[PDB]
Amino acid sequence: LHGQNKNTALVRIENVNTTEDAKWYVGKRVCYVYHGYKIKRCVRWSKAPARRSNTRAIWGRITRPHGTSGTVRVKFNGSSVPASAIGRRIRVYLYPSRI
Amino acid sequence: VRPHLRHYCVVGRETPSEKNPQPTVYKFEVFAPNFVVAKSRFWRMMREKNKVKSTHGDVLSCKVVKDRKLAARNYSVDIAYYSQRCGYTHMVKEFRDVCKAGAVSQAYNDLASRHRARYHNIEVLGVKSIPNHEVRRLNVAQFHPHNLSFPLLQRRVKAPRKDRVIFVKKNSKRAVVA
Amino acid sequence: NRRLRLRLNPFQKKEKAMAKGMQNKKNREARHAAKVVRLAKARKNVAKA
Amino acid sequence: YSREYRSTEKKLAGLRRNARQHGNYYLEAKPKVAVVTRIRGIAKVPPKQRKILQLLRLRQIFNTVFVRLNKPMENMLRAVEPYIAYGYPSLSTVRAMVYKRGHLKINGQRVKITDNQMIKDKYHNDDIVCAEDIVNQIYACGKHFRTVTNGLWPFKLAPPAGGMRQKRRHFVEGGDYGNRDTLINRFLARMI
Amino acid sequence: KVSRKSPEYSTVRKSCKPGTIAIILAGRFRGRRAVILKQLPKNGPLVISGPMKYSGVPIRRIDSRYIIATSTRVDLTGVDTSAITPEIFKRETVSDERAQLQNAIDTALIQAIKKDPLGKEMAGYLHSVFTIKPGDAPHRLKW
Amino acid sequence: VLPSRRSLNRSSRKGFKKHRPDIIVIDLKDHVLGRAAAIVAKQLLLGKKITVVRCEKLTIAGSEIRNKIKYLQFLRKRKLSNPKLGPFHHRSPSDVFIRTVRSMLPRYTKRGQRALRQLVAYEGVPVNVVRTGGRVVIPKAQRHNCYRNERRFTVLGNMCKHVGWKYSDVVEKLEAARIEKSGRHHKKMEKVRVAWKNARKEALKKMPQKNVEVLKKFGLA
Amino acid sequence: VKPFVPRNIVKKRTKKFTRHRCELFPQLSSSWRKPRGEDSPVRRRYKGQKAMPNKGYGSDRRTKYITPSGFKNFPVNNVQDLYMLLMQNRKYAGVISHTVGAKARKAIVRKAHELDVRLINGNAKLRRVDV
RNA sequence: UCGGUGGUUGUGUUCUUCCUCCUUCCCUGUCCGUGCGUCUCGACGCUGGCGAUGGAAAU
RNA sequence: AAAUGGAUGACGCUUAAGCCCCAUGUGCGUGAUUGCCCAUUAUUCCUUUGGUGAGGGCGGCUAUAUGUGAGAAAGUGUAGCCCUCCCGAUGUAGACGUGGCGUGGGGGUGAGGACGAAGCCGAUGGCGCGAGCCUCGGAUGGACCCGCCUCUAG
Ligand SMILES: [Mg+2]
Ligand SMILES: [Mg+2]
Ligand SMILES: [Mg+2]
Ligand SMILES: [Mg+2]
Ligand SMILES: [Mg+2]
Ligand code: NA
Ligand code: NA
Ligand code: NA
């Protein structure tokens with residue numbers, strides 16, 4: 001009720017709805033995809049010139065579940081995710097895999 | 001398993017001393033959530049009846065009693081609750097249950113909803129498993145007859161927690177969202 | 001921590017071995033069976049006396 | 001010490017069984033030791049309660065100490081009842097606190113226990129030379145209860161990991177403060 | 001006991017064994033299936049080479065954290081895979097020395113799969129592709 | 001909406017013809033007003049596009065007299081010095097739902113204003129929504145899981161009439177026309193539905209003998 | 001010369017402590033002044049106000065006074081001052097004074113290059129070339 | 001744990017515990033070893049991407 | 001039963017989202033003893049600062065050129081002589097401390113300046129918890145000025 005703390009983010013994934021399901025995704029990698037307004041440097045900028053674009057990504061990891069309904073907590077490396085990402089798509093990958 | 005208020009039997013006495021060697025040993029039946037509350041009720045009863053305080057007495061047993069089996073029975077519970085503007089009120093009520101602990105737990109919840117009486121204002125005088133043909137309440141005697149039947153109507157059926165959809169298709173179980 | 005516990009209590013290895021033996025399947029089956037017999041015989045005999 | 005604990009448990013079981021088989025009762029010895037934990041802060045404490053808590057070495061929330069239950073001490077515990085929660089320790093609770101949260105008071109310094117040699121150095125007595133000596137002198141009372149417990153810094157513990165019912169109101173009423181008998185062990189297992 | 005300095009030492013999950021079918025989760029070959037051949041001499045990456053005819057995945061190295069090891073396994077006693085060594089990947093069109101190694105190992109792998117009683121179903125199984133459809137939960141599966 | 005010449009020219013150069021965003025259409029018949037609004041408002045904040053139809057079939061617990069009096073109390077409130085600035089009392093059932101959802105959103109930030117922009121709230125099922133796809137329902141607010149049978153309830157359309165709404169006859173006239181057209185069409189293509197059903201049957205005895213057994217094991221054949 | 005580079009340098013705060021309400025008056029400087037007002041919200045530590053400096057912000061004594069290059073700055077005025085920094089080459093870098101003229105700067109820069117003493121305001125090209 | 005073996009606590013007019021002393025099976029894991037020529041700070045493995053002197057990358 | 005339109009905070013809620021009570025992970029009459037959320041609080045880790053602080057090293061012989069390398073002061077206070085460890089840290093009126101910051105002038109000492117002094121300007125950065133110090137650029141200026149130890153005050 002006192003305000004927000006921006007070093008941790010809350011992510012809702014499709015088809016989890018349970019704490020036991022959210023525990024499967026602890027440690028998985030997460031990225032937020034957006035676009036800028038010109039071509040800046042990227043990974044494999046010189047080896048794969050076809051990758052150059054306005055697209056950019058911000059990465060993070062899942063730390064622990066939140067609540068009892070399948071929400072997870074995410075830390076975005078060192079910085080924090082921008083507030084313009086609220087309500088938008090987040091990618092939850094399947095690696096690193098324990099299975 | 002479901003009911004709170006387990007069945008406790010507390011045995012105690014006043015500490016031996018001169019001017020009263022070999023004091024009488026008393027037995028007490030109480031229904032409490034845990035044995036710490038059970039011993040607290042035992043000393044309250046001892047103080048107000050035998051003029052014996054917990055400082056000058058000792059507890060010999062705080063055992064848990066065992067019930068018979070898992071059949072359906074009738075239980076008569078005579079109970080008393082205190083309130084201002086009315087003093088002490090005594091009543092006898094009948095319940096259907098499986099064990100004595102369950103029947104008394106029902107009585108405590110019943111007194112809460114219908115008369116707004118808390119746990120510490122209620123004293124239980126006794127509980128007994130009575131047979132048919134001598135229960136005086138029709139809300140209990142209506143389950144006695146053999147060939148008793150009734151349907152389940154106005155049911156609210158909730159799905160297992162794993163399925164739990166939010167938006168579902170109108171003419172199918174397609175689960176559009178969640 | 002295993003090595004801190006052993007440093008403070010040199011008898012810990014023997015204490016843990018006794019718990020491991022109590023956990024053994026064959027020994028606990030005999031112990032439970034023997035205990036029932038011992039209690040049954042004493043209860044029957046004390047009532048007779 | 002291990003043999004003494006196992007012999008005492010077997011003897012008490014045999015006496016209790018002997019009484020029950022013959023239709024009588026066996027009275028147990030009154031508890032001699034208690035564990036006292038502070039469950040309230042440092043704001044608005046009346047002068048009498050404030051002085052007692054200082055004499056018990058409980059100046060901070062969730063500080064814990066061991067006391068002997070004689071008549072002078074029991075009268076002190078009753079005066080600060082709404083500020084503490086206490087009960088009777090078990091062998092595992094004593095072992096956990098000494099082995100995991102035990103700090104000695106050497107030369108005015110708070111020193112964590114890491115080996116037996118510093119225990120032998122701090123207590124010049126020959127009856128206290130190892131960690132098992134400290135455990136026995138607390139669990140089974142003992143002639144050096146005061147020497148052992150005063151040579152230990154008050155234990156500093158974390159809040160209960162599952163929460164607590166009600167810091168106001170007595171445990172009998174459904175709260176937290178007051179005497180809890182042996183149920184204090186479940187309370188402490190989530191704090192240590 | 002195995003010393004950490006010895007080459008035979010390795011700390012990988014028991015699911016990832018030679019002959020195990022795996023689903024690739026990242027890289028240009030994401031979603032395909034391949035057969036785990038062996039592990040590099042140190043605690044290095046595994047060497048996967050699905051039959052090039054079936055899945056079109058050549059011999060390469062992969063980290064164990066970027067695959068899912070399934071429960072279906074094919075026996076590899078006949079195959080040797082002793083020619084796979086770290087320096088062949090250290091060298092960094094396809095050289096024909098690499099082609100001959102890939103072709104020879106592939107034939108042994110194909111023959112071993114055919115020797116398995118369910119060879120025809122396995123060959124079709126290795127052709128398939130894994131994807132996440134709208135409305136499925138990978139955490140409820142069993143693999 | 002209303003593509004200008006800039007938009008049509010760009011689509012002509014690029015080669016684009018049509019585009020349709022992902023939208024959920026909810027049939028609001030026999031739904032509790034407050035429970036449906038709370039569920040929809042949270043979904044709007046989570047980045048969803050929602051169209052709700054048949055807003056005149058929403059239900060409110062209580063008698064019609066009780067609920068009509070409640071609205072007349074709301075209508076009494078107005079800025080005395082200048083009523084054209086005061087609270088605005090909308091009268092259509094679809095406008096009432098949007099006002100209820102708006103009070104469950106942070107409406108004085110850009111985030112809440114954007115969320116409210118993603119709800120449409122039609123009355124009946126208009127012609128541009130009929131053929132889009134299957135409609136959905138909210139089982140947590142369906143009023144046959146919510147209300148006891150013996151309790152009286154209000155239909156929103158009946159209450160919105162008698163306080164100012166003057167399109168009840170228009171809505172019911174259009175709805176009856178839609179039912180006849182949809183009913184006639186659905187009776188048609190019964191032959192192709194039966195033909196497809198008679199195709200899945202007799203597909204067995206044509207498939208290989210192993211795939212039919214796998215279908216039987218999983219309870220699909 | 002290559003300094004002993006610290007593994008990590010941590011600054012507790014990068015922003016400066018500016019005066020209260022210095023942005024609303026042109027004549028007020030931005031240098032910190034301790035507020036002494038009975039009703040002052042900065043003094044009373046309200047949640048959304050500016051912070052006041054105290055001892056907790058002090059820098060780690062290990063990496064204090066160390067520039068991003070890894071050197072410590074010592075002012076230098078003539079050629080003779082360069083010989084104090086010769087032995088402690090990897091710890092100190094010279095800073096030529098602002099008022100030293102262009103004629104004297106030629107001798108200082110020439111001598112420093114011979115002695116392998118780093119300067120922060122010399123010529124960049126001479127630092128690039130290796131011998 | 002079993003079978004014997006005599007001292008012990010306590011009911012009831014014999015048996016009930018606990019001990020010490022042998023006999024059967026059953027379980028687990030034993031011993032030894034490495035101080036520095038006064039003190040302190042410094043030393044950042046493997047794989048890929050980016051960087052080959054440029055209106056360059058990175059912080 | 002009252003004087004502007006209007007407040008369980010609002011919407012709303014009636015198989016309550018109301019009143020009185022009872023429970024809890026995966027699996028609620030078969031897992032006995034943590035369903036979950038939020039602090040300048042508690043535990044734990046890192047850093048600063050002050051101590052009625054607690055310990056330790058300080059007699060430099062192991063061997064070594066360039067084309068594994070730097071320090072070490074017997075010490076209140078500094079860029080703290082160095083290394084471990086423990087305990088406190090908010091605060092109006094008020095008291096005290098600081099090899100704490102800054103300004104004009106005197107005695108000493110050491111420099112700078114027409115290859116450009118003071119003054120002035122700044123998306124010039126660096127250092128310090130801070131008062132502040134210093135470099136940079138001027139497509140500004142055109143003759144004086146500063147570091148350190150002490151003394152002094154309009
Ligand atoms: Mg609480
Ligand atoms: Mg700064
Ligand atoms: Mg004031
Ligand atoms: Mg202060
Ligand atoms: Mg003057
Ligand atoms: Na109070
Ligand atoms: Na200003
Ligand atoms: Na409220």
Side-chain angles (χ1 to χ4, degrees), chain A residues 1-2 19-20 41 43-47 67-68, chain B residues 1-2 4 70 98 105 108-109 112-113 116 118-119 154 156, chain C residues 13 17-18 20-21 24 26-27 30-31 34 42 45-46 49, chain D residues 10-11 14-15 17-19 21-24 41 60-62 107-111 156-163 186 189-190, chain F residues 33-35 37-38 61-62 76-81 86-87 100 103-104 145-148 151, chain G residues 4 7 10 12-13 17 31-32 38 45 53-61 64-65 67-68 72-73 75 77-78 88 90-91 95-104 106 120-121:
Chain A
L1 279 174
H2 53 100
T19 298
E20 313 307 334
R41 298 296 278 227
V43 179
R44 260 167 254 259
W45 159 282
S46 138
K47 252 85 191 314
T68 62
Chain B
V1 195
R2 270 273 333 149
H4 61 303
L70 217 66
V98 166
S105 320
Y108 269 88
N109 283 336
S113 70
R116 320 273 146 143
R118 331 289 147 137
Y119 174 87
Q154 299 205 41
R156 170 147 203 188
Chain C
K13 302 159 102 154
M18 284 164 359
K20 283 151 139 184
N24 188 281
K26 302 190 334 312
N27 268 71
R31 187 190 318 127
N45 181 19
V46 75
Chain D
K10 249 190 77 93
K11 286 200 204 3
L15 295 177
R17 193 152 29 91
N18 195 12
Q21 293 186 318
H22 297 22
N24 314 283
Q60 196 183 51
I61 195 162
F62 303 127
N107 213 115
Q109 322 277 300
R110 196 180 156 238
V111 192
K156 312 172 98 218
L157 303 188
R186 320 164 159 210
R190 338 208 301 278
Chain F
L33 163 69
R35 317 209 155 235
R76 238 190 61 96
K77 275 135 192 80
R78 63 170 212 174
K79 176 153 200 196
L80 171 74
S81 63
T100 300
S103 290
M104 306 186 179
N145 306 321
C146 278
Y147 294 168
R148 288 225 148 278
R151 304 271 180 208
Chain G
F4 300 108
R7 249 177 209 211
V10 162
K12 296 190 172 162
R13 178 167 159 129
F17 295 89
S31 53
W32 170 249
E38 48 196 13
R45 310 172 272 129
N54 62 66
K55 61 216 180 252
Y57 293 101
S59 292
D60 183 13
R61 298 204 53 99
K64 207 174 167 177
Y65 302 116
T67 58
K72 269 143 182 220
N73 288 352
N77 289 296
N78 41 78
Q88 264 159 264
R90 293 151 157 281
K91 191 188 214 249
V95 187
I96 307 184
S97 211
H98 175 65
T99 59
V100 174
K103 171 160 58 119
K106 299 188 219 157
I120 88 164
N121 46 355

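Basis for what follows: all heavy atoms, side chains included, without hydrogens, waters or symmetry-related copies. Proteins come first, then strands; the chains are lettered A, B, ... in the order of their sequence lines, and each starts at number 1.
Contact annotation for G:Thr67: backbone-only contact, meaning every heavy-atom pair under 4.0 Å involves sugar-phosphate atoms and none involves a base. Among the heavy atoms of the strands lying under 4.0 Å from D:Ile61 are primed sugar atoms or P, OP1, OP2 only; no base atom is included. Among the atoms of the strands shown, none is found under 4.0 Å from any heavy atom of B:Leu70. Heavy atoms of F:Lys79 sit under 4.0 angstrom from at least one base atom. Using a 4.0 Å heavy-atom criterion, one finds that B:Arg116 contacts the bases of the nucleic acid, with or without backbone contacts as well. Using a 4.0 Å heavy-atom criterion, one finds that G:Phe17 contacts the sugar-phosphate atoms exclusively. Note on B:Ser105: nothing from the nucleic acid sits closer than 4.0 angstrom, heavy atoms only. Nucleic acid contact class of D:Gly14 (heavy atoms, under 4.0 Å, all strands): sugar-phosphate only. Using a 4.0 Å heavy-atom distance criterion, G:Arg13 is classed as making no nucleic acid contact. Heavy atoms of F:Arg148 sit under 4.0 angstrom from at least one base atom. Residue B:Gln154 is classed as a base contact, given a heavy-atom separation below 4.0 Å to a base. Residue B:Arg2 is classed as a base contact, given a heavy-atom separation below 4.0 Å to a base. Residue contacts for G:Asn121: at a heavy-atom cut-off of 4.0 Å it reaches the sugar-phosphate backbone alone, with no base atom in range. Residue D:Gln60 is classed as a sugar-phosphate contact, given heavy-atom separations below 4.0 Å to backbone atoms only.
Stacking of the bases of H:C44 and H:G45 is not indicated, since the six-membered rings fail the criterion of centres under 5.5 Å apart and planes under 30° apart. Stacking status of H:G33 with H:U34: stacked, per the base-ring test of centres under 5.5 Å and planes under 30°. Taking ring-centre separation below 5.5 Å and interplanar angle below 30 degrees as the test, the adjacent bases I:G128 and I:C129 do not pass. Under the rule of centres below 5.5 angstrom and planes below 30 degrees, the bases of I:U8 and I:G9 are not stacked. Both conditions, centre separation below 5.5 angstrom and plane angle below 30 degrees, hold for the six-membered rings of H:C41 and H:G42.
Rounded to whole Å, atom P of H:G49 lies 5 Å from atom NZ of A:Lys47. The distance from atom CH2 of G:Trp32 to atom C1' of I:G132 is 15 Å, rounded to the nearest whole Å. Atom NZ of D:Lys11 is separated from atom P of H:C19 by 5 Å (rounded to the nearest Å). Put simply, CG on F:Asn145 is 17 Å from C1' on I:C13, counting in whole angstrom units. G:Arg7 has its CZ atom 7 Å from the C1' atom of H:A43, to the nearest Å. Remark: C1' of I:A16 and CZ of F:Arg35 are 6 Å apart, rounded to the nearest angstrom. Rounding to whole angstrom units, NZ of residue G:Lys12 and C1' of I:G130 are separated by 14 Å. To the nearest angstrom, P of H:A56 lies 11 Å from CZ of A:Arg41.
Taking every side-chain heavy atom of G:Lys72 into account, I:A79 is the closest of I:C21, I:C13, I:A79. Of the listed nucleotides (I:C36, I:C22, I:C86), I:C86 has the atom at the smallest distance from the side chain of D:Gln109. For F:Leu80, taking side-chain heavy atoms from C-beta onward, the closest of the listed nucleotides I:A89, I:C129, I:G5 is I:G5.
Look at the P atom in both H:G49 and I:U64: the space between them is 48 Å, to the nearest Å. Between I:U84 and H:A43, the two P atoms lie 15 Å apart (nearest whole Å). One P atom belongs to I:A79, the other to I:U90, and the distance between them is 22 Å to the nearest Å.
By the 6.0 Å and 45° rule, G:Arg13 stacks over the aromatic ring of G:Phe17.
Pairing for I:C146 is with I:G110, a Watson-Crick or G-U wobble pair whose two hydrogen-bonding atom distances lie under 3.5 Å. In a base pair of the Watson-Crick type (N1 to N3 plus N6-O4 or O6-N4) or a G-U wobble (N1-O2 and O6-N3), with each distance short of 3.5 Å, I:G154 is matched with no nucleotide. Look at I:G100: it lacks any Watson-Crick or wobble partner with both distances under 3.5 angstrom. Within the shown strands, nothing qualifies as a pairing partner of I:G91 under the Watson-Crick or G-U definition with both distances less than 3.5 Å. Across every strand in view, I:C129 sits unpaired, with no contact that passes the Watson-Crick or G-U test at under 3.5 angstrom.
Residue note: H:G7 shows a north-type sugar, the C1'-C2'-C3'-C4' torsion being above zero. Sugar conformation, I:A7: south. The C1'-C2'-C3'-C4' torsion carries a negative sign. Here I:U4 counts as south. Its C1'-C2'-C3'-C4' torsion is negative. Sugar pucker of I:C151: north, since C1'-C2'-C3'-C4' comes out positive. A negative value of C1'-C2'-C3'-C4' puts the sugar of H:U53 in the south, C2'-endo-like family.
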Applying side chain to side chain contact (heavy atoms under 4.5 Å, CB included), run through D:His22 and D:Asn18 and close with a yes or a no. CA-CA 7 Å; D:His22 297 22; D:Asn18 195 12; 3.7 Å; yes

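Around CZ of F:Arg76, the count of heavy atoms belonging to other residues, nucleotides or ligands within 6.0 Å does not exceed 12.
Judged purely by atom type and a 3.5 angstrom limit, F:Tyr147 uses its side chain to pair as donor or acceptor with the backbone of F:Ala61. Looking at G:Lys12, its side chain does come within 3.5 Å of a backbone N or O of G:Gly58 through a donor-acceptor pair. A donor-acceptor pair under 3.5 Å is formed between the side chain of G:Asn54 and the backbone N or O of G:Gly56. Proximity of a side-chain donor or acceptor of D:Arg190 to a complementary backbone N or O of D:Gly163 within less than 3.5 Å is detected. Remark: side-chain polar atoms of B:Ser105 are paired, donor with acceptor, to backbone N or O of B:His4 under 3.5 angstrom.
In H:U30 the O4'-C1'-N dihedral to the base is more than 90° from 0, which defines an anti nucleotide. Taking the syn range as angles within 90° of 0, the glycosidic angle of I:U47 is outside it, so the base is anti.
Taking the nucleotide of RNA chain I with the nearest heavy atom to each of F:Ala38 and B:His4, the more 5' of the two is matched to F:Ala38.
Remark: the D:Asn18 side chain and the H:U17 base include no donor-acceptor N/O pair separated by less than 3.5 Å.
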At under 4.0 Å between heavy atoms, which parts of nucleotides 108-124 of chain I does protein reach? Answer with one letter per nucleotide, 5' to 3': B base, S sugar-phosphate only, - none. ---SSS-BS-S------

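Geometry at I:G5 and I:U49 does not meet the Watson-Crick or G-U wobble definition with both required distances under 3.5 Å.
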